[PDB]
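The chain below stands alone and is given in structure tokens; this is the form deposited in one PDB entry.
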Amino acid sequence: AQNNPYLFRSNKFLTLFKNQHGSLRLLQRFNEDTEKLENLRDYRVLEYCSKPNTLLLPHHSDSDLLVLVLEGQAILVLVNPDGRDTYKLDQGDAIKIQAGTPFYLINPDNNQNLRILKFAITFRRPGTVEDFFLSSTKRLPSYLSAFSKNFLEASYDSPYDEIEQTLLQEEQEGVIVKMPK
């Protein structure tokens, strides 16, 4: 991450978060030190690994992602404003997650761990990817959190007091969690 001529060799992604059950890592911007890669300037790659029986909370990214299964098996969940489409991913499965649809991702019953690769095609903010999470956690909170008392009053038709007890929080081991069942 910083000033190399023409190096077409990468081995270090920066970590977004990591913990007892998993990790989300993100590669340095391709067009980084070399100018030898302005044609990749828009693409980004994230690696991902969760221990058995874990969860990636619901979230949506601004970038179109092409998900690909390197190791494990997963239960992917694509949520849209009318229902869901759910899928059991296997070593070698590749799925395409459009921008902005929220999705949660789970490693099942296992011993076998989950390693997924995410190739991201960015637009909004060239070579910049951003995910948004519903739930509050210590990394950051809910985007919902960002609104106004009334904004949440009117929208919701529930006093703020009851908006925040399903708003702000202590989900600790953050964005990757251990599942109950």
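For the two forms, the rigid core is made up of the largest set of C-alpha atoms that agree within 1.5 Å on superposition. The first residue of the shown sequence is 1; numbering continues from there.
- Stretch comparison (106-114 versus 81-89) by mean CA B-factor in the PDB entry places 106-114 on top.
- Of the two stretches examined, 132-140 and 56-64, the record assigns the greater average C-alpha temperature factor to 132-140.
- In the PDB entry, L37 places in the middle third of its chain by CA B-factor.
- Remark: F30 belongs to the middle third of its chain, ranked by C-alpha B-factor as recorded.
- Sorting the modelled residues of the chain by their CA temperature factor places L7 in the lowest third.
- Looking at the C-alpha B-factors along this chain, the one for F123 belongs to the lowest third.
- Per the PDB record, residue ranking by Cα B-factor puts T166 in the highest third of the chain.
There is another form of this protein, the form deposited in another entry, and it is not shown here; the text below is about that form.
- Superposition on the rigid core between this form and the one not shown places the CA atom of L16 less than 2 Å from its counterpart.
- Relative to the superposed core, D157 undergoes a Cα shift smaller than 2 Å between this form and the one not shown.
- Annotation: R9/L40 CA-CA distance longer in the other entry than in the displayed model, change of at least 3 Å.
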